[PDB]
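Chain by chain, the residues:
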Amino acid sequence: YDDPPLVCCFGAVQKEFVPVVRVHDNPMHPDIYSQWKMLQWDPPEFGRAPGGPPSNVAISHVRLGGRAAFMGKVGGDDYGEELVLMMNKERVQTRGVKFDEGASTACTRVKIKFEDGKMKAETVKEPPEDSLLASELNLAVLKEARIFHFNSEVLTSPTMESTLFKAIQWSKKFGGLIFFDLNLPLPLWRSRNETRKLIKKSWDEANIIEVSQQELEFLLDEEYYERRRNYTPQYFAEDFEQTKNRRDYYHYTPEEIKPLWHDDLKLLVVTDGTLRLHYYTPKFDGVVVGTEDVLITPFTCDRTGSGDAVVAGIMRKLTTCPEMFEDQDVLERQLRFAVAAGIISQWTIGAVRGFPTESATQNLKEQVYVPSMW
Amino acid sequence: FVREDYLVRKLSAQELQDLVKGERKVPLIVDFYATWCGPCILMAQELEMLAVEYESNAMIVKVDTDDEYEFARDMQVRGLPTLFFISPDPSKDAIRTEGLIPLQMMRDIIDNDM
Amino acid sequence: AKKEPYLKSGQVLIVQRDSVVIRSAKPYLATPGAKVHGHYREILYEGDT
Amino acid sequence: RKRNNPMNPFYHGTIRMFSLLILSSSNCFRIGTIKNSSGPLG
């Protein structure tokens, strides 16, 4: 088996398509998209470091010096061929991609209904990205891959749910690690309990989990942490640093994380964009302090694909540094690499277009941090 | 005297409901977008070009998910950008496309599916 | 104390059993011959001489 | 007056005066017979 160790990204291959969508209270002009860049340097909190499809993570991982394979299905039309060509030019392994000649890539058949006086839609025919069967899996890829990566978008499709669980069994049989990068799509933000029930099985099937701060707080309690953020003492601060009215970087205790912990979880990472990387392991926990600067390039900055770069950097360091799971100092040092990768990825328009290379990421990491933190 | 710079009109959930309920002669293309979404700028320009292409042979509308979040969730929108191609024939079924699909893809869908 | 963090600049406002509340203050060094611009207890805004 | 008038009920910080200043958590911070009992004596 060649080096570096292979990773597998399972799910849909799409161009852009950030899944995490919520309501923002600061909209720009509905027509003048030249104003919408001001929401890139003053983003909604859930969109600070947005993730995307697993193909973004695969491309970013390959650009950071790793070897990746994509497992999914595309149609036999022009769009599927173009997506496969884009993944191939990025040196992502395509042997796990299954073609469907009778399906239209990234197209879903829906029926519009008017239940209870409101327009609604229901899926008639699923797209080929959500129509991968367990018999179409690539067993060589699942055998070679050391990390298995997927998003919660597949949980919105029953076919992909069954295929994902079969693939997880296959990967665990061969010794691979399961990376659950949540990336909650629009439907999965409706209420906490239904999402917890929907993601419980995949959550317990994962060794590595990455969630955003908003995702974790939604999964535990949104109102409690919103109230805790808004609290201000009436008379005097409890310490001087609380007098500065600095941005809140609250580090969740493992006791608060206890509902979401299970036995096979080796590492949980909570990302507040690139600013904070809260990590939790069975033995220890902590936070990696990062930064961001999209105002350095106000006319080319774009946060799309930043979380993909962070996750790809995490996987790149995990595949080559097994001591990350057991050493806290090594874990922080290697997570600074993912912080730098996420920082660079915010400087370009387009997720795939702006994915950094390993050389640039290491250069930025050494420039930003003091030499003792390398 | 001065032409408007944008041809794609922004509609509410109720207005889109009335448009879909009413009789339609040309295909209707519904865009779901948010101003905080980076990919939506490119989709906005692409749909402006498409609207210029189809002068009166198609209808291009956009719905902001920051004003119609529940409506977007009801219509099975899982992310942005998301397009809905609604055929003038009520018997047929609409097509939902996810991602920054090419302009030629939209042309093909409109020509051979609507 | 050796086993205590350093006290910072300001005036002791509240004295309690095991703690003190400090109103933060900033000292400015002035050599002889300097001119103080303001009476005692005068309100100075940001940027005022 | 009220007559010359020509709505329908039917239808942190501490003040410091001597000139006003507001004292709050932005500028103040914290560093750090029977049994005899305190009470009234009549």
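Structure determination for this entry, per the PDB record, employed cryo-EM and reached 2.62 Å resolution.

Looking at the PDB entry, one finds chain C named DNA-directed RNA polymerase subunit beta'' and attributed to Sinapis alba. Anyone opening this PDB entry will find it titled "Plastid-encoded RNA polymerase transcription elongation complex".

As named in the PDB entry, chain A is PAP6, taken from Sinapis alba.

Further remarks concern the pattern of salt bridges. Applying the stated rule across the entire model yields 36 salt bridges over all chains. Between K118 of chain A and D74 of chain B there is a salt bridge, with the nearest N and O atoms lying 3.7 Å from each other. Residue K118 of chain A is found in the loop between β4 (107-113) and β5 (120-125), and its partner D74 of chain B is found in helix α3 (residues 69-74); the two belong to separate chains. On the basis of relative accessibility, which here comes to 37%, the residue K118 of chain A falls in the partly exposed class. Looking at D74 of chain B, the relative accessible area reads 15%, which means it is buried. The closest approach of N and O atoms between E238 of chain A and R30 of chain D, which form a salt bridge, is 3.3 Å. Of this pair, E238 of chain A sits in the loop between α8 (222-230) and α9 (254-257) while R30 of chain D sits in strand β3 (residues 28-31), which puts the two residues in different chains. Taking the relative accessible area as the measure of exposure, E238 of chain A reaches 47% and is therefore partly exposed.

All names here are of chain A. Sheet architecture is open: 9 strands sit in the order β3-β2-β1-β6-β7-β8-β9-β10-β11, paired in mixed fashion. Each edge of the open sheet carries a strand with a single partner, namely β3 (97-100) and β11 (285-289). Taking each pair of neighbouring strands and ignoring which way they run, the sheet shows an average axis angle of 20°. As paired elements, strand β9 (residues 267-272) and strand β10 (residues 276-280) share 5 bridges and run antiparallel to each other. Bridging from a neighbouring strand, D272 pairs with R276 of β10. Sheet contacts for helix α2 (residues 54-63): β1 (6-10), β2 (67-75) and β6 (147-151); angle to β2, the most-contacted strand, approximately 150°. Along the sheet face, helix α7 (residues 213-220) touches β8 (208-212) and β9 and points at about 95° away from the line of β8.

Our next topic: the pairing of strand β2 (residues 20-24) of chain C. Two elements, strand β1 (residues 10-15) of chain C and β2 of chain C, share 5 bridges in a ladder whose sense is antiparallel. The residue bridging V15 of chain C from the neighbouring strand is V20 of chain C, located in β2 of chain C. If you look at the hairpin formed by β1 of chain C and β2 of chain C, you'll find 4 residues sitting between the two strands. Relative to β3 of chain D, β2 of chain C is paired through 4 bridges, and the arrangement is antiparallel.

What follows deals with empty space enclosed by the protein. Residues and elements named next belong to chain A. By volume, the largest cavity amounts to about 210 Å³. Every residue lining the largest cavity is counted, 20 residues in all, and those nearest its centre are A49, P50, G51, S212 and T271. When residues of the lining of the largest cavity are traced back to their parent elements, those giving at least two are β8, α7 and α10 (306-320). With 4 residues, α10 is the largest single contributor of residues to the lining of the largest cavity. Partitioning the lining of the largest cavity into residue classes produces 7 nonpolar, 7 polar and 6 charged.

To continue, consider a negative patch on the surface. A surface patch of like charges, here negative, comprises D78, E81 and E82 of chain A together with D108 and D111 of chain B. Elements supplying a minimum of two residues to the negative patch: α3 (78-89) of chain A together with α4 (103-113) of chain B. Residue position: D108 of chain B is located in helix α4. We classify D108 of chain B as partly exposed; its relative accessible area is 34%.

What follows covers the interface of chain A and chain B. Listed by partner, the interface residues are 52 residues for chain A and 48 residues for chain B. Approximately 4,600 Å² of surface area, both sides summed, lies buried where chain A meets chain B, with 63% of it carried by carbon and sulfur atoms. Inspection of the region where chain A meets chain B yields 7 salt bridges. Those elements giving two or more residues to the side of chain A that touches chain B turn out to be α1 (38-41), α3, β4 and β5 of chain A. Sort the elements by how many residues they give to the side of chain A that touches chain B and β4 of chain A lands first, with 6 residues. Class assignment for the residues of the side of chain A that touches chain B results in 30 nonpolar, 9 polar and 13 charged.

Taken together, the 3 strands give an open sheet; going across it, the order is β1(C)-β2(C)-β3(D), and neighbouring strands pair in antiparallel fashion. Of all the strands in the sheet, just β1 of chain C together with β3 of chain D have a single pairing partner and so form its edges. The mean inter-strand angle of the sheet, taken between neighbouring strand axes irrespective of direction, is 35°.

Excluding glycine, residues mostly carry a negative phi; peptide bonds, for their part, are mostly trans. In the segment running from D3 of chain A into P4 of chain A, the intervening peptide bond is cis, with an omega of 0°. Considering the arrangement of structural elements, one finds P4 of chain A in the segment before β1. Following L80 of chain B, the chain continues into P81 of chain B via a peptide bond in cis, with omega recorded as -5°. Along the chain, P81 of chain B falls in the loop between α3 and β4 (82-86). Residue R91 of chain A is not a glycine yet carries a positive backbone phi of 60°. Tracing the backbone shows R91 of chain A in the loop between α3 and β3. Look at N245 of chain A: it is not a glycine, yet its phi comes out positive at around 55°. In this structure, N245 of chain A sits in the loop between α8 and α9.

Rules used in this analysis
- Residues numbered from 1 in each chain as written, not as in the entry; some residues may be left out.
- Chains lettered and ligands numbered in written order.
- Part of a larger assembly, values for the part shown.
- Heavy atoms only, no water.
- Salt bridge = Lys/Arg side-chain N within 4 Å of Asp/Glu carboxyl O.
- Helix = DSSP H or I, 4+ residues; strand = E, 2+ residues; numbered from the N terminus.
- Buried < 20%, exposed > 50% of the residue type's maximum accessible area, 1.4 Å probe, protein only.
- Pairing = 2+ DSSP bridges.
- Axes fitted to C-alpha atoms, helices over the stretch in contact; angles between N-to-C directions.
- Contact = heavy atoms within 4.5 Å.
- 1 Å grid on protein atoms, 1.4 Å probe; cavity = no way out; pocket = protein on both sides within 12 Å on 5 of 7 lines; lining within 4 Å.
- Points joined across faces, edges and corners; volume = space filled by probe spheres on them.
- Nonpolar A, V, L, I, M, F, W, Y, C, P; charged D, E, K, R; others polar.
- Patch = residues over 30% accessible without salt bridge, like charges linked within 9 Å, V, L, I, M, F, W, Y side chains within 5 Å.
- Areas by Shrake-Rupley, 256 points an atom, 1.4 Å probe, with all protein chains shown as cover.
- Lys, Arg positive; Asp, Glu negative; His and termini not counted.
- Charge placed at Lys NZ, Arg CZ, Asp CG, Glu CD.
- Buried area = accessible area lost by both parts, 1.4 Å probe.

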